[PDB]
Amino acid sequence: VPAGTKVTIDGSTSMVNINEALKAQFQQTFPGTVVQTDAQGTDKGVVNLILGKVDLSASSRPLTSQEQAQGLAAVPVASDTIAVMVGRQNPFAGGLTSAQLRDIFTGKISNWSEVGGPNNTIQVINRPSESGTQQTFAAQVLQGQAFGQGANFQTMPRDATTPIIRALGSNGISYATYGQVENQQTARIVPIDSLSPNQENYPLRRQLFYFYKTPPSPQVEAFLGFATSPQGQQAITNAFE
């Protein structure tokens, strides 16, 4: 890898830790290289990639046929699960079935008492449409149904988990990649169908990708060659804490 190689990344916030872990090992292994990272959400990365403003898009959902038709390709680098979370201050302590989870996010269930909590309105805190996590949750939970709307639904203006966690309060619910809530010191993870996101049969699972333009640029060839080598796999492993 020549000195002065620059790789630019945008896209998935779920993949921030993977981006940073690969950045760290890449520019330590190859002196004089630069990896620049941003994370405005999967769709924002795809837009920048199609317009040629970044070398790679991190994506937490699969490449679409329309995107592939513009000369894009994808490489999977990891997998994760999507946790459902409430605030540590929320007096609801239990779990949800998949049906209950869908009913909350469609608005059919709107009071915590319907799932065993107190008599309180549920505040649904949703990720914006550029979020690949939102797109995955819609596909795997809503299964063709639309998200609810109305006074008790809020879509955050930024695809970002920490502002969502702050907004949960004592009555809100949302979702995020498991690694960003795993230690439960900032939110409580809600088991789904009596399963927590570390379990193999936990239902909300997906691959994580880098998207790139074909034909690949030299800097993309260098970075993805590293990322898929054993050394790159070890760097990616460092993102899982």
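From 1 onward, residues are counted along the sequence shown.
> If you average the CA temperature factors as listed in the entry, which stretch comes out higher, 10-18 or 222-230?
Taking the mean C-alpha B-factor of 222-230 and of 10-18, the larger value falls to 222-230.
> Which has the higher mean CA temperature factor in the PDB entry, 103-111 or 74-82?
Per the PDB entry, the higher value belongs to 103-111.
> Going by the deposited entry, which of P197, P62, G52, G41 has the highest CA temperature factor?
Among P197, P62, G52, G41, the PDB entry lists the largest C-alpha B-factor for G52.
> Say you rank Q207, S57, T33, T186 by Cα B-factor from the PDB entry; which sits at the top?
The record points to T33.
> Check where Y175 lands among this chain's C-alpha B-factors and tell me if it's the lowest, middle or highest third.
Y175: CA B-factor falls in the lowest third of its chain.
> Where does the C-alpha B-factor of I236 rank in its chain, lowest, middle or highest third?
Answer is lowest: the recorded C-alpha B-factor places it there.
> Ranking every modelled residue in this chain by its Cα temperature factor as given in the entry, which third contains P216?
Its C-alpha B-factor, which the entry lists for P216, ranks in the highest third among residues of this chain.
> Select lowest, middle or highest to describe the third in which the CA B-factor of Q149 falls within its chain in this entry.
Highest third of the chain for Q149's C-alpha B-factor.
> Pull the Cα B-factor of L168 out of the PDB entry and bin it into the chain's lowest, middle or highest third.
It belongs to the lowest third of the chain when residues are ordered by C-alpha B-factor.
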